[PDB]
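Pasting my_file_22.csv here (CSV, C-alpha atoms and all ligand atoms):
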```
chain,number,residue,atom,x,y,z
A,1,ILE,CA,55.1,95.6,56.1
A,2,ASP,CA,54.5,99.0,54.4
A,3,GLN,CA,54.9,99.0,50.6
A,4,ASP,CA,57.5,101.6,51.1
A,5,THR,CA,59.6,98.9,52.9
A,6,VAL,CA,58.8,96.3,50.2
A,7,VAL,CA,60.1,98.3,47.2
A,8,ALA,CA,63.0,99.8,49.3
A,9,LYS,CA,64.1,96.4,50.5
A,10,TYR,CA,63.9,94.4,47.3
A,11,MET,CA,65.7,97.2,45.6
A,12,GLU,CA,68.4,97.9,48.1
A,13,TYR,CA,68.8,94.2,48.5
A,14,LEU,CA,70.0,94.0,44.9
A,15,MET,CA,70.6,97.6,43.8
A,16,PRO,CA,74.1,97.1,42.4
A,17,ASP,CA,72.6,94.0,40.7
A,18,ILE,CA,69.6,95.6,39.1
A,19,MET,CA,71.4,98.4,37.3
A,20,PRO,CA,73.2,95.9,34.9
A,21,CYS,CA,69.9,94.5,33.8
A,22,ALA,CA,68.3,97.8,32.7
A,23,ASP,CA,71.5,98.5,30.7
A,24,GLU,CA,71.3,94.9,29.3
A,25,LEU,CA,68.5,95.6,26.8
A,26,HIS,CA,68.1,99.4,26.9
A,27,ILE,CA,66.1,100.7,29.9
A,28,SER,CA,64.5,99.5,33.1
A,29,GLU,CA,61.0,98.0,32.6
A,30,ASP,CA,60.1,100.2,35.6
A,31,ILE,CA,61.0,103.7,34.3
A,32,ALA,CA,60.0,102.3,30.9
A,33,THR,CA,56.8,104.2,31.4
A,34,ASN,CA,55.0,105.5,34.5
A,35,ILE,CA,51.6,103.9,34.1
A,36,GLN,CA,51.0,103.4,30.4
A,37,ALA,CA,52.4,99.9,29.8
A,38,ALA,CA,49.8,97.3,30.7
A,39,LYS,CA,50.4,94.9,33.7
A,40,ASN,CA,51.3,97.6,36.2
A,41,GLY,CA,52.0,100.5,33.8
A,42,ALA,CA,55.7,100.0,33.8
A,43,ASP,CA,56.0,97.1,31.3
A,44,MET,CA,55.0,93.6,30.5
A,45,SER,CA,56.6,92.1,27.4
A,46,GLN,CA,60.1,93.5,28.2
A,47,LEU,CA,59.3,93.3,31.9
A,48,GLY,CA,59.1,89.5,31.9
A,49,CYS,CA,62.8,89.6,31.0
A,50,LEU,CA,64.5,93.0,31.7
A,51,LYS,CA,63.2,92.6,35.2
A,52,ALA,CA,63.6,88.8,35.0
A,53,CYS,CA,67.3,89.4,34.7
A,54,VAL,CA,67.4,90.2,38.4
A,55,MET,CA,66.0,86.7,39.0
A,56,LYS,CA,68.6,84.8,37.1
A,57,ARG,CA,71.1,87.0,38.8
A,58,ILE,CA,70.4,85.3,42.2
A,59,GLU,CA,70.2,81.8,40.6
A,60,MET,CA,66.4,81.8,40.3
A,61,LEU,CA,66.1,81.8,36.5
A,62,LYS,CA,68.1,79.3,34.5
A,63,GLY,CA,67.3,80.2,30.9
A,64,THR,CA,63.7,79.1,31.1
A,65,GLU,CA,63.7,77.5,34.6
A,66,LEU,CA,61.6,79.7,36.9
A,67,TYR,CA,62.5,78.9,40.5
A,68,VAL,CA,61.6,80.5,43.9
A,69,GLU,CA,63.9,78.8,46.5
A,70,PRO,CA,66.6,81.6,46.4
A,71,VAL,CA,63.7,84.0,46.9
A,72,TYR,CA,62.4,82.2,49.9
A,73,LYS,CA,65.8,83.1,51.4
A,74,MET,CA,65.8,86.8,50.7
A,75,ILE,CA,62.2,87.2,51.7
A,76,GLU,CA,63.5,86.4,55.2
A,77,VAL,CA,65.6,89.6,55.6
A,78,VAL,CA,64.0,91.6,52.8
A,79,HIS,CA,60.8,91.5,54.9
A,80,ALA,CA,62.3,92.1,58.4
A,81,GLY,CA,59.8,92.8,61.1
A,82,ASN,CA,57.2,90.0,61.4
A,83,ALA,CA,57.6,86.2,61.1
A,84,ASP,CA,54.3,85.6,59.2
A,85,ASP,CA,54.9,88.6,56.9
A,86,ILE,CA,57.7,86.5,55.5
A,87,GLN,CA,55.5,83.4,55.5
A,88,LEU,CA,52.9,85.4,53.5
A,89,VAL,CA,55.1,86.4,50.6
A,90,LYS,CA,56.2,82.7,50.5
A,91,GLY,CA,52.7,81.6,49.5
A,92,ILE,CA,52.3,84.5,47.2
A,93,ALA,CA,55.1,83.4,44.9
A,94,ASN,CA,53.3,80.0,44.6
A,95,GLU,CA,50.4,81.7,42.8
A,96,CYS,CA,52.9,83.2,40.4
A,97,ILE,CA,54.6,79.9,39.7
A,98,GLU,CA,51.3,78.0,39.0
A,99,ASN,CA,50.5,80.8,36.6
A,100,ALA,CA,53.8,81.2,34.8
A,101,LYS,CA,54.1,77.4,34.8
A,102,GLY,CA,57.6,77.8,33.6
A,103,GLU,CA,56.8,79.0,30.1
A,104,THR,CA,59.2,78.5,27.1
A,105,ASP,CA,60.0,82.1,26.3
A,106,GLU,CA,62.0,84.1,28.8
A,107,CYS,CA,59.9,87.3,28.6
A,108,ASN,CA,56.9,85.0,28.8
A,109,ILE,CA,57.9,83.4,32.0
A,110,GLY,CA,58.6,86.7,33.7
A,111,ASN,CA,55.5,88.4,32.3
A,112,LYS,CA,53.4,85.8,34.0
A,113,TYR,CA,55.5,85.7,37.2
A,114,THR,CA,55.5,89.5,37.4
A,115,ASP,CA,51.8,90.0,36.8
A,116,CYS,CA,50.8,87.7,39.7
A,117,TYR,CA,53.4,89.4,42.0
A,118,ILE,CA,51.6,92.7,41.4
A,119,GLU,CA,48.2,91.3,42.0
A,120,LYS,CA,48.9,89.7,45.4
A,121,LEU,CA,51.9,91.6,46.8
A,122,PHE,CA,51.9,94.4,44.3
A,123,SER,CA,55.7,94.3,44.4
A,201,LIG,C1,63.9,89.9,41.4
A,201,LIG,SI1,62.3,90.3,42.2
A,201,LIG,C2,62.2,89.7,43.8
A,201,LIG,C3,61.0,89.7,41.2
A,201,LIG,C4,62.2,92.1,42.2
A,201,LIG,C5,60.9,92.7,42.8
A,201,LIG,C6,60.9,94.3,42.7
A,201,LIG,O1,61.3,94.9,43.7
A,201,LIG,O2,60.4,94.8,41.7
```

If you took the structure in this file and wrote it as structure tokens, what would it be?
Ligand SMILES: C[Si](C)(C)CCC(=O)[O-]
Amino acid sequence: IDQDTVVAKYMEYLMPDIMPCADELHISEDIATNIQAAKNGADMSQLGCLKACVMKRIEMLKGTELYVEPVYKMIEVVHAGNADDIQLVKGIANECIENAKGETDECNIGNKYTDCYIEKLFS
């Protein structure tokens, strides 16, 4: 699965749902800054939340409850093409959960869950 399909799918899959988040606090942790933030260059402190808003939008983040089940469902279509490619991202999220271990602070949970997502899947 080309990265071009990864960012295009995850985005188009919730495009009308991602625009409200960026407007929620101010800006999108992505356009926040090309590559001058930290984790991936977009953001980190505000990323673990501004971008985490898209998570709670699909019933994956309940205040401080970091889940992944709803994601396991979108990874199915979001990663159309191969059967294992979907099975790969599945295990990837696991490394992000064991790392974020459901922190107390919202931005903290996301910052940890986002970081790992960039290290393994990059997106
Ligand atoms: C919500 Si969620 C799957 C972490 C999103 C991703 C990107 O695309 O960035």

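Residue nearest ligand LIG 201 (chain A) within the list A:70, A:36, A:11, A:116: A:11 [criterion: smallest interatomic distance, only C-alpha atoms and all ligand atoms].
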
- Item | Shell of 8 Å around residue 107 of chain A, all atoms listed in the file, local chain residues under 5 positions omitted, as an MDAnalysis selection string | chainID A and resid 45:50 52

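For the atom pair formed by atom CA of residue 1 of chain A and atom CA of residue 86 of chain A, the distance is 9.5 Å, given to one decimal.
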
Wanna dump the chain A-ligand LIG 201 (chain A) contacts at 9 Å for me, each residue with its shortest atom pair and the distance in Å to one decimal, counting all atoms listed in the file, ordered by chain and number, as CSV?
```
residue,atom,partner,partner_atom,distance
A:6,CA,A:LIG201,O1,7.1
A:7,CA,A:LIG201,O1,5.0
A:8,CA,A:LIG201,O1,7.6
A:9,CA,A:LIG201,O1,7.5
A:10,CA,A:LIG201,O1,4.5
A:11,CA,A:LIG201,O1,5.3
A:12,CA,A:LIG201,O1,8.9
A:13,CA,A:LIG201,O1,8.9
A:14,CA,A:LIG201,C1,8.1
A:18,CA,A:LIG201,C1,8.4
A:30,CA,A:LIG201,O2,8.2
A:51,CA,A:LIG201,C1,6.8
A:52,CA,A:LIG201,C1,6.5
A:53,CA,A:LIG201,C1,7.5
A:54,CA,A:LIG201,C1,4.6
A:55,CA,A:LIG201,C1,4.5
A:56,CA,A:LIG201,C1,8.2
A:57,CA,A:LIG201,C1,8.2
A:58,CA,A:LIG201,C1,8.0
A:60,CA,A:LIG201,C1,8.5
A:71,CA,A:LIG201,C2,6.7
A:74,CA,A:LIG201,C2,8.3
A:75,CA,A:LIG201,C2,8.3
A:110,CA,A:LIG201,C3,8.4
A:113,CA,A:LIG201,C3,7.9
A:114,CA,A:LIG201,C3,6.7
A:117,CA,A:LIG201,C3,7.6
A:122,CA,A:LIG201,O2,8.9
A:123,CA,A:LIG201,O2,5.4
```

- Task: Name the closest residue to residue 67 of chain A among the candidates A:83, A:89, A:97, A:35; distances are taken between atoms, counting all atoms listed in the file.
- Result: A:97

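With only C-alpha atoms as the atoms that count, the residue of A:29, A:76, A:98, A:84 with the shortest distance to residue 44 of chain A is A:29.
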
- Restricting the calculation to all atoms listed in the file, which member of A:72, A:87, A:43, A:66 is positioned closest to residue 115 of chain A? A:43

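Interatomic distance, atom CA of residue 77 of chain A against atom CA of residue 5 of chain A: 11.4 Å.
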
- Note on the structure: atom CA of residue 26 of chain A to atom CA of residue 69 of chain A measures 28.7 Å

- Skipping near chain neighbours, those fewer than 3 positions away, what residues fall within 9 Å of segment 103-105 of chain A using all atoms listed in the file, listed as a PyMOL selection string? chain A and resi 63-66+100+108-110+112

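Each of A:88, A:22, A:78, A:118 was compared to residue 39 of chain A using only C-alpha atoms, and A:118 turns out to be the nearest.
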